[PDB]
Trainee: 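My structure is below; once you've seen it, I'll send some questions.
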Amino acid sequence: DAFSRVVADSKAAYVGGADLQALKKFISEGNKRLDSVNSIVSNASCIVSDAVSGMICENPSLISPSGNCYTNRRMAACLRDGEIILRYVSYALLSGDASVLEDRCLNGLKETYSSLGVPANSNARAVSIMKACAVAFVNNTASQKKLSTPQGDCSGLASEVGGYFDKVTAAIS
Amino acid sequence: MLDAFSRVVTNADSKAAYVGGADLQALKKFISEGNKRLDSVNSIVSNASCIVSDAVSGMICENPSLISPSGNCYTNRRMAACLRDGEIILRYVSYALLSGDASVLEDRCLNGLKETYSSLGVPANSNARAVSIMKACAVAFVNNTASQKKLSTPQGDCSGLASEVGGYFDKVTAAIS
Amino acid sequence: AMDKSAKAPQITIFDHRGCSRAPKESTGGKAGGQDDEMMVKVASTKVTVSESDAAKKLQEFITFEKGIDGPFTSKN
Amino acid sequence: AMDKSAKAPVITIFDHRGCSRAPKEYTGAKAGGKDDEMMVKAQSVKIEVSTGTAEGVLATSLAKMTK
Ligand SMILES: *C(=C)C1=C(C)C(=O)N/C1=C\c1[nH]c(/C=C2\N=C(C[C@H]3NC(=O)C(C=C)=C3C)C(C)=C2CCC(=O)O)c(CCC(=O)O)c1C
Ligand SMILES: *C(=C)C1=C(C)C(=O)N/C1=C\c1[nH]c(/C=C2\N=C(C[C@H]3NC(=O)C(C=C)=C3C)C(C)=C2CCC(=O)O)c(CCC(=O)O)c1C
Ligand SMILES: *C(=C)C1=C(C)[C@@H](Cc2[nH]c(/C=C3N=C(/C=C4\NC(=O)[C@H](C)[C@H]4[C@@H](*)C)C(C)=C\3CCC(=O)O)c(CCC(=O)O)c2C)NC1=O
Ligand SMILES: *C(=C)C1=C(C)[C@@H](Cc2[nH]c(/C=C3N=C(/C=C4\NC(=O)[C@H](C)[C@H]4[C@@H](*)C)C(C)=C\3CCC(=O)O)c(CCC(=O)O)c2C)NC1=O
Ligand SMILES: *[C@@H](C)[C@H]1/C(=C/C2=NC(=C\c3[nH]c(C[C@H]4NC(=O)C(C=C)=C4C)c(C)c3CCC(=O)O)/C(CCC(=O)O)=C2C)NC(=O)[C@@H]1C
Ligand SMILES: *[C@@H](C)[C@H]1/C(=C/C2=NC(=C\c3[nH]c(C[C@H]4NC(=O)C(C=C)=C4C)c(C)c3CCC(=O)O)/C(CCC(=O)O)=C2C)NC(=O)[C@@H]1C
Ligand SMILES: *[C@H](C)[C@H]1/C(=C/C2=NC(=C\c3[nH]c(C[C@H]4NC(=O)C(C=C)=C4C)c(C)c3CCC(=O)O)/C(CCC(=O)O)=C2C)NC(=O)[C@@H]1C
Ligand SMILES: *[C@H](C)[C@H]1/C(=C/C2=NC(=C\c3[nH]c(C[C@H]4NC(=O)C(C=C)=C4C)c(C)c3CCC(=O)O)/C(CCC(=O)O)=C2C)NC(=O)[C@@H]1C
Ligand SMILES: [Cl-]
Ligand SMILES: [Mg+2]
Ligand SMILES: [Mg+2]
């Protein structure tokens, strides 16, 4: 409830102590799930940068004068959107649910991109690079690793986050 | 000295300077290891934001008091100044690597720097850690032993240039520690 | 519907077991164990990127380098 | 001396061999080969960091720290 209000209520939700104990009874694999979310969120800036950089290095026309990332204004909007998408995917993983991702991020998004002329193939590539990043962070196989987590298998959570990225891809491609 | 960049390095003007074509052919024989050297610079500067942010956040995760209300990175103002300084230092190191000479780094970045930090209370132990993380980042980018598939450059041994850039970071560490 | 506001969930995960900075922000009392030193925070905030920051990123991107991870897929 | 200006040499390494966007900024002599498709740029620039970047690093640091 507290997170839903936030994502109707303006101030942040601070879920610690007994409230955190309760949260972990209503999400599957609660401890692993929070490790997985943190592995993405705490690395968000590199994930977004690498995805946008890779989208562009694969198609440099995006930063030519006719490309959709031309001008600082447009580049800013694209970097921003990568971050927005990653945030909604991360919240889907925190909550164990796609409903907010679908309702607040994806429903209407392709229509907006179509009217703006934001290129769908390029956008899909940014999303797919972010997906690859997230999978590796969940499984702790990125180049930058968390040192001391108890070892175990998070392949289920990695599959789950992959499915949220796939919803994004399906919605905008 | 890289003559095309004389006004850049003295902050004499804000004009861009360009070395292409025959001037670039000549630059690569003036400096040593020319192609590899330029690749090495490229791999560092193109990753500057991440290098600096990872170094500052690593300095902080090792010593969280830096962002406590009494710590020297507390507030967006102080954090931004610290990130800025990390980038300034990294960029002067990158110029030392481009030119193959530490002089500009020593003269325009390091000379007087410790005394400024002492006056401000910028903690030298913490600063040294930011610099050593940046160093580690640069060495990994330069001497990257992943397979060809994962490299932006033709595979070969850039361990010498990695050692050279490490020495420039060591000059920073010695100056401010 | 996607409401065009650029707002998105902002998550902070604090696994601060052993941290000497005392917790003061929870509102539901104590578990009587290590959950009392950990927290998930969620806010809804507008995502913004300045033009000057985008210029800095462009100066990195335009050279077609990469990080350690991933294959090199550029042709440029 | 360190001049307190917050300026630094910003280097951009443009190895744009094979690029369809024609070189034009460098006007010095040509090499007659692939050096004509590559360039080192340098510029004195005041280094600035935004409050958004500072906020991002703060959030990363809080999330990655433990004790
Ligand atoms: C330990 C790590 C730390 C050392 C050592 C140090 O000097 N500072 C350390 C931590 C630190 N925490 C904050 C800020 C916040 N921490 C939380 C989360 C905790 N509050 C709770 O109630 C619980 C559990 C019940 C927590 C776990 C929150 C919400 C904040 C406020 C900031 C926010 O992002 O909302 C700081 C920042 C400076 C400060 O507020 O002390 C530091 C450095
Ligand atoms: C090939 C890569 C590109 C494709 C395909 C495409 O659509 N755009 C491509 C490249 C590209 N270049 C620029 C801008 C600059 N390139 C240089 C360097 C070249 N100029 C020279 O004189 C030489 C060699 C002698 C070069 C190599 C410079 C200096 C710029 C200007 C910008 C800067 O950051 O200083 C762009 C950006 C848009 C444009 O100006 O065309 C792109 C995308
Ligand atoms: C806090 C829990 C904490 C950190 C934050 C982290 C800091 C840290 N980082 C390294 C080393 C490297 N970081 C690198 C940076 C990058 N690689 C990339 O691909 C992107 C573009 C960029 C930004 C993330 C690199 C290349 C390295 C070097 C290789 C390596 O992993 O070591 C260190 C190690 C420093 C050292 O060796 O002394 C540290 C401490 N670690 C934390 O604990
Ligand atoms: C342009 C020359 C260009 C790129 C830029 C790059 C893009 C690219 N990146 C990946 C995959 C990953 N990137 C990751 C990012 C990070 N790892 C870290 O440790 C830091 C903090 C962060 C930012 C650099 C990660 C984790 C991955 C996945 C690695 C793995 O699976 O182990 C790809 C691959 C995408 C795909 O598989 O579809 C690409 C193309 N490459 C370029 O050529
Ligand atoms: C895939 C994600 C990982 C992996 C994760 C595992 N984590 C395990 C246990 C664990 N993690 C935490 C921290 C977590 N809980 C919280 O409440 C918060 C923040 C609010 C976080 C970040 C805790 C507390 C625990 C419990 C053990 C402990 O006391 O530390 C774990 C063990 C199994 C399990 O508990 O279900 C695993 C497997 N492990 C991996 O190897 C991949 C890479
Ligand atoms: C360590 C730095 C790297 C690595 C580098 C290698 N680069 C090699 C060749 C090479 N690089 C360039 C590009 C360079 N020259 C320029 O003029 C500019 C920009 C102005 C740049 C960025 C060129 C032109 C060449 C030569 C032609 C080519 O082979 O493409 C190279 C091979 C040659 C050599 O060994 O001297 C290497 C090894 N290789 C690595 O594995 C690490 C990561
Ligand atoms: C980056 C990987 C892309 C790219 C993105 C661009 N997006 C632009 C504008 C834009 N994006 C949205 C969606 C965004 N707002 C929200 O509220 C949410 C979710 C809740 C999201 C995901 C909107 C509504 C808009 C238009 C209004 C605005 O700018 O804020 C955009 C600017 C286009 C223009 O002004 O010309 C770009 C460039 N561009 C790319 O090339 C890659 C594929
Ligand atoms: C980050 C790893 C540090 C940290 C750094 C701080 N530096 C602060 C102030 C500051 N730094 C410089 C040196 C800088 N200016 C230049 O012109 C050059 C080189 C040419 C460099 C390297 C100066 C002169 C100053 C004072 C003037 C100014 O800020 O512009 C600083 C304080 C900022 C503030 O309170 O506004 C910080 C926080 N702090 C840390 O904790 C780590 C170790
Ligand atoms: Cl790395
Ligand atoms: Mg001298
Ligand atoms: Mg290249």
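Values reported hereafter were calculated over all heavy atoms of this structure, with side chains retained and with hydrogens, waters and symmetry mates removed. Residue numbers start from 1 in every chain, and the chains themselves are labelled A, B, ... in the order their sequence lines are given, proteins ahead of strands. Each ligand, and each atom within it, is numbered from 1 in the order the structure gives.
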Trainee: Would you please test B:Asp101 and B:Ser99 for side-chain hydrogen bond (donor to acceptor under 3.5 Å, both in side chains) and show each step?
Mentor: CA-CA 5 Å; B:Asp101 189 327; B:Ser99 66; 5.7 Å; no

Trainee: Measure the distance from atom 30 (C) of ligand 4 to every protein heavy atom, then report the residue, atom name and distance (to 0.1 Å) of the closest one.
Mentor: A:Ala136 CB, 3.9 Å

Trainee: May I ask you to list the atoms of ligand 4 that are less than 4.0 angstrom from any heavy atom of C:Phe64?
Mentor: 2 (C)

Trainee: Salt bridge (charged side-chain N to carboxylate O under 4.0 Å, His left out) between A:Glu83 and A:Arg80: does it pass, once the steps are laid out?
Mentor: CA-CA 5 Å; A:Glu83 180 178 1; A:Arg80 175 201 68 187; over 6 Å; no

Trainee: So, applying side-chain contact (heavy atoms from CB on, under 4.5 Å) with B:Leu161, which one of B:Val142, B:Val41, B:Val139 is it?
Mentor: B:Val142

Trainee: If you count the atoms of ligand 4 from 1 in the order shown, which ones are under 4.0 Å from a heavy atom of A:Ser53?
Mentor: 5 (C)

Trainee: Between the side chain of C:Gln10 and the main-chain N/O of C:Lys41, is any donor-acceptor distance below 3.5 Å?
Mentor: no

Trainee: Treating D:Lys34 as the side-chain partner and D:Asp15 as the backbone partner, does any N or O pair qualify as donor plus acceptor under 3.5 Å?
Mentor: no

Trainee: With a 4.0 Å cut-off on heavy atoms, does C:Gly67 reach ligand 4?
Mentor: no

Trainee: Could you say whether the N/O atoms of C:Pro71 and ligand 4 ever approach to under 3.5 Å?
Mentor: yes

Trainee: Do any nitrogen or oxygen atoms of A:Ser143 come within less than 3.5 Å of a nitrogen or oxygen of ligand 4?
Mentor: yes

Trainee: Are any side-chain N or O atoms of A:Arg33 and backbone N or O atoms of A:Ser28, one a donor and one an acceptor, separated by less than 3.5 Å?
Mentor: yes

Trainee: Can any side-chain N or O of A:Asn43 pair as donor or acceptor with the backbone N or O of A:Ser39 at less than 3.5 Å?
Mentor: yes

Trainee: Identify the protein heavy atom lying closest to atom 15 (C) of ligand 4, giving its residue, its atom name and the separation to 0.1 Å.
Mentor: A:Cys133 SG, 3.5 Å

Trainee: Under 4.0 Å from a heavy atom of A:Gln144: which atoms of ligand 4 are those, numbered in the order shown and with their elements?
Mentor: 19 (O)

Trainee: Pick whichever of C:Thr73, C:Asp69, A:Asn43, A:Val52 has a heavy atom sitting closest to atom 27 (C) of ligand 4.
Mentor: C:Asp69

Trainee: For A:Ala142, counting its heavy atoms only, list the atoms of ligand 4 lying under 4.0 Å from any of them.
Mentor: 19 (O), 26 (C)

Trainee: Would you mind checking which non-hydrogen protein atom is closest to atom 24 (C) of ligand 4, with the distance to 0.1 Å?
Mentor: A:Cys46 SG, 2.6 Å

Trainee: Identify the protein heavy atom lying closest to atom 42 (C) of ligand 4, giving its residue, its atom name and the separation to 0.1 Å.
Mentor: A:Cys57 SG, 3.4 Å

Trainee: Between A:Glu58 and ligand 4, does any nitrogen or oxygen pair lie at a separation below 3.5 Å?
Mentor: no

Trainee: Is ligand 4 less than 4.0 angstrom away from at least one heavy atom of A:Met130?
Mentor: no

Trainee: Quick one: nearest non-hydrogen protein atom to atom 40 (C) of ligand 4, plus distance?
Mentor: A:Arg125 NH2, 3.5 Å

Trainee: Are the charged groups of A:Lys131 and A:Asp166 less than 4.0 angstrom apart, N to O?
Mentor: yes

Trainee: Checking the side chain of D:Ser61 only, and the main-chain atoms of D:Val57 only, is there a donor and an acceptor separated by less than 3.5 Å?
Mentor: yes

Trainee: Please say whether more than 12 non-hydrogen atoms of neighbouring residues, nucleotides or ligands are located less than 6.0 Å from NZ in C:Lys75.
Mentor: no

Trainee: Could you identify the single nearest non-hydrogen protein atom to atom 10 (C) of ligand 4 and state the distance to 0.1 Å?
Mentor: A:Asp50 OD2, 3.7 Å

Trainee: Step by step, would you call B:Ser132 with B:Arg129 a side-chain hydrogen bond (donor to acceptor under 3.5 Å, both in side chains)?
Mentor: CA-CA 5 Å; B:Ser132 70; B:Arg129 184 55 167 154; 3.0 Å; yes

Trainee: Would C:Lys66 count as a polar contact of ligand 4, with the cut-off being nitrogen or oxygen pairs under 3.5 Å?
Mentor: no

Trainee: Closer than 4.0 Å to some heavy atom of C:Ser74 - which atoms of ligand 4 meet that?
Mentor: 2 (C), 43 (O)

Trainee: What protein heavy atom sits nearest atom 35 (C) of ligand 4, and how far away is it?
Mentor: A:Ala132 CB, 3.8 Å

